[PDB]
């Protein structure tokens, strides 16, 4: 359970087996099971994203509904209609439960404060290319639960990981 006076920080992302999470300002696959899972985890909570992740969402769908949207930017004139723009993680992480929803820069930034990661791994062969956004690497202070491989309606294998630390 999450006490209302704490500040729990989780990370949630979907990656190829190579660790790629983003390419060319988008996610280089689509997996309905993953979007359903992302909604199930994050709904009702604050979500924190980097400015480039906000940019990657079509204007008509953002801010993502059912969640307090917070965007990280260092640009004093960047504005996110419907959402709050802050310049640091300290400003972004004031809710009792916060999910950092990407992208590569902000995962790495937020990991020192996080105690949970929820990962979808997609069994698509997407090798790392220069410029890609990548999943954060987790050191030995993390302990993980790896699900068995499942099969999506769209014909891709995928599996879920849950990582925790104190």
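Positions refer to the first chain, counted from 1. The term rigid core refers to the most C-alpha atoms you can superpose between the two forms while keeping them within 1.5 Å.
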Quick note, superposing on core in 9 other deposited structures of this protein and taking C-alpha RMS, the more shifted stretch of 24-32 and 37-45 is 24-32
With the rigid core as the fit reference, the stretch showing the greater C-alpha departure in 9 other deposited structures of this protein, 58-66 or 99-107, is 58-66
Quick note on 68-76 and 87-95: per-entry mean CA temperature factor is higher in 87-95
Mean Cα B-factor check, 51-59 vs 120-128, entry values; winner is 120-128
Based on the PDB entry, the highest CA temperature factor among the options 155, 25, 19, 147 is that of 25
The largest CA temperature factor among 111, 133, 101, 43 is found at 133
Among the modelled residues of its chain, the C-alpha B-factor of residue 7 falls in the third labelled highest
Split the chain's modelled residues into thirds by Cα B-factor; residue 164 lands in the middle
